[PDB]
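We've got the same protein chain twice here, in two forms, each standing alone as structure tokens: structure 1 and structure 2.
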Structure 1
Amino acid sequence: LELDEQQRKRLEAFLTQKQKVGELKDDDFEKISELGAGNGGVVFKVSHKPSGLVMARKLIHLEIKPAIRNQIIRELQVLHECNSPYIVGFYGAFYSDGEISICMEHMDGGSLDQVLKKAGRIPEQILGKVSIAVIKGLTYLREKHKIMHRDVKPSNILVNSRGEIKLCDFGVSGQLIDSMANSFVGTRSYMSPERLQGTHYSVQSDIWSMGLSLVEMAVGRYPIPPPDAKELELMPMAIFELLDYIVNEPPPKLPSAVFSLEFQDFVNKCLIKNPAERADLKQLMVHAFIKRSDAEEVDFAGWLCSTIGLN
């Protein structure tokens, strides 16, 4: 638990507006604009008509035998129990036209990948807070429902003008992972080196993903292969050589001139290739960098809206 009350009074506020919306179905909704699409399905800003609320709808398109389709929806409904200040507000999941839709909180500022592209780089002061948020979300998930995320990267980190950080698209359902999610491979890879060789992995793999994501946001560039010497002061490869790099070469590290030991050491511990020696979540929670940033005073909402232009 260890749930602040500010947080508990905005969780209750959203579960009880949640029962006001009741159930739903497709034509209750109406489009707004293109949030984006990838590795499965398009997500769009939507307004719900029965209950004056703006949501974000994730549609993914799966013609398969209906038996596993209903198994997927019933496994996905467990999102109703998953409610934390660090996990996006979930409302409902339903099948329609053979297109599964997940309705969730709309997050004003989008994904830290989007944030990053406009921001160019993300300062350390603030990456401290997002790091705390991620370990909290991951611990909440591992302790309360006993799952792991399996896909941590900036495009799955969501921010709002109210100043919260929450995680979207974690692997709650096994059937949906095995039946669709596994088959996609992008242009980048955030998978741990022990997942890539197909051994048993744990939430440790998520620790690795988080470390790689923090490097990308800290230096503005996807970190492998490491930037070359001319590119570093200023600040064309196929997918297999990327994966072979991740497995057979040293991991990224933050530049030593710019960030504190505490940050450098935090990421160095997240990025150890052997998951046994990689820090777990208990250990990361009490790390120097965490104790620092947790006790610091940063106004997130202000930085966010002056970064992207909201109010």
Structure 2
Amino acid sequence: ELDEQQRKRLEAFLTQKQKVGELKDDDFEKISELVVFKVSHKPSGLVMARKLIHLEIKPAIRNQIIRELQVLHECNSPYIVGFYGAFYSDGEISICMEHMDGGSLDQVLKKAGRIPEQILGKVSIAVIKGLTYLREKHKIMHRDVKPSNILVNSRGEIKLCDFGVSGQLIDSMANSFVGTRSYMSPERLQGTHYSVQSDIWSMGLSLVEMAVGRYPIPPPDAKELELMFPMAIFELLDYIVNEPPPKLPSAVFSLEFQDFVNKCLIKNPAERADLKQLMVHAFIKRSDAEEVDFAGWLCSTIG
């Protein structure tokens, strides 16, 4: 909640906020594909990340969307990605956000073999305080925590994106893409009342996948665990609800980390650790007071 170097650039972000004004398609030139695109803005020299979501609906409904989306101009934190603006062009709503040259954590995990414990500690702290910021300052939960929605940069800060700030955009979604990797909590799969605890589960499941280099459900057999060091969708979801949660191997990781992810992956959300309990857990106290050049790891790992 406090720092001066983090306040140094977040206000400089608000200096770059002045010339953003309003935004339309012809302001942008496609630079590259990361559906999201890295784009070059010309009314102002910022290079931006503009995300296009294809939806067709009456004008007043998507105007209600933009009203709900402009709240992102209000939320500012070193742990959540900054917001430029949201306009409607060619029947596809655009969300303009910070471009983070490191990408998402799933594609850097695809680049590396596995992500070491020390980096995942700093990742845990920032995700916890990011979710804490959203819940305590804006009364919102993320609803979609997963490695593809956690971004990194060469400066060394990591931020949460694709969080649920708008309600009508949930219902306005024409469709959804369900694959073989699911990060949804058991309580949401069973359709019960859910809170930020579901985001804490998603964080825990994201952490173990990045630690071991493989999506951990179903758990691998003995031969696959040694080498590291065809399933329908319903079979996976029913495994998440009824079978015991995934756990880290007991040999290569510290007790603090193993207990940390175990507290995050408790099926009962009332017994699952909350953001406050995680803030006191021994794993992040230990990780917070560590000297790790995150920018050095990234730039040398991804290249």
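Counting starts at 1 with the first residue of structure 1 and goes up one by one along its sequence. So that the term is clear: the rigid core is the largest set of C-alpha atoms that superpose within 1.5 Å between two forms.
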With the core superposed between the two structures, a CA shift of at least 2 Å among 255, 52, 66, 250 belongs only to 66
Residue 182 C-alpha relocation of at least 2 Å between the two structures, rigid core basis | yes
Superpose on the rigid core and then read off how far the CA of residue 20 has moved between the two structures, in Å.
-> 2.1
Could you check how much the CA of residue 98 shifts between the two structures after a rigid core fit, in angstrom?
-> 1.4
